[PDB]
Amino acid sequence: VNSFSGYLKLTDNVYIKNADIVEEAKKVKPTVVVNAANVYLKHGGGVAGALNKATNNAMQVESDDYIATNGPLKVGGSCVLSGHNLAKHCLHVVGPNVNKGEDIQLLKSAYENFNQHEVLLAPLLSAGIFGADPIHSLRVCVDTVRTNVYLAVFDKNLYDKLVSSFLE
Ligand SMILES: CC(C)[C@H](Nc1ncnc2[nH]c(-c3cnn(CC(N)=O)c3)cc12)c1ccc2c(c1)S(=O)(=O)CCC2
């Protein structure tokens, strides 16, 4: 149904909210939920682990079957799989993990995958344990995504920092 509520409008197509992406998916029922995935689709922690746990491991089992037939993704790449109880579809997107020596330029490639879907609920790619500067990740999102993107950022301190930096 895509009923998003409580979002701050940053640009004509980019919205942001201090929220847990799992709680937003349950409330919104979006057509597309974005997962901050790794190349083998192993959802062992962070945003991916939270989404997987909310599908009671159904997402991991489907992900394993996809990798068996198609092999791993590339950094900056994506795949569309079932959204299970959270969404119609899950778009698994691999942003670079600069904490593992991956190239930050690939974050543009990662956000470009959003352009194939008219409206998506997403996290801030490559932020948290992936090591990218969150302010930079929001700027790449604003400059690269043209479709309607609702960003859920589960940290009030980071949310206010991103909003102040964007309004500067
Ligand atoms: C910047 C950070 C605040 C943000 N976190 C999140 N942003 C939005 N929705 C979230 N839900 C949870 C969560 C964590 N636990 N639970 C309960 C559960 N049952 O697991 C829900 C965390 C989360 C963030 C954004 C991007 C990435 C990561 C973290 S990561 O996982 O460290 C590496 C991949 C890229």
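Read-outs throughout are calculated quantities, based only on the coordinates presented, and are distinct from any laboratory measurement. Reconstructed Cβ throughout: ideal geometry from the backbone, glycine too, with neighbour counts over all protein chains shown.
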Of the candidates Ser165, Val140, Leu81, the farthest towards the positive dipole end of segment 2-166 (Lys/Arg Cβ +1, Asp/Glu Cβ -1, centred on the Cα centre) is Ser165
Estimated dipole of the chain in Debye, rounded to 20 [Cβ of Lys and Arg +1, of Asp and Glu -1, Cα centre] = 220 debye
Straight-line reach from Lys100: which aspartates and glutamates have Cα under 17 Å away, leaving out those fewer than 8 places along the same chain?
-> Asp133
What residue among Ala122, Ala48, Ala58 shows peak mean-square fluctuation when the chain is described by a Gaussian network model with Cα springs under 10 Å?
-> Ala58
Count neighbours as other Cβ atoms within 10 Å of each site's Cβ, and list the GluC sites (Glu not before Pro) in segment 79-141 that are DSSP loop with at most 13 such neighbours.
-> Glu118
Links that overshoot a 28 Å alpha carbon limit, given the list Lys74/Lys161; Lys74/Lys156; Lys108/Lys161 | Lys74/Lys161; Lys74/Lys156
Beta bridges by DSSP in the chain, antiparallel share as percent, to the nearest 5 = 30 percent
Rounded to the nearest 0.05, FRET efficiency between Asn13 and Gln105 (Cβ-Cβ, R0 25 Å) equals 0.65
Among all the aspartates and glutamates, which ones have a C-alpha under 15 Å from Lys17's C-alpha, if same-chain residues fewer than 8 places away are not counted?
-> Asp155, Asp160
If you keep only loop residues by DSSP, which trypsin sites (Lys or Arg not before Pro) in segment 24-113 have at most 14 other Cβ atoms within 10 Å of their Cβ?
-> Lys74, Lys88
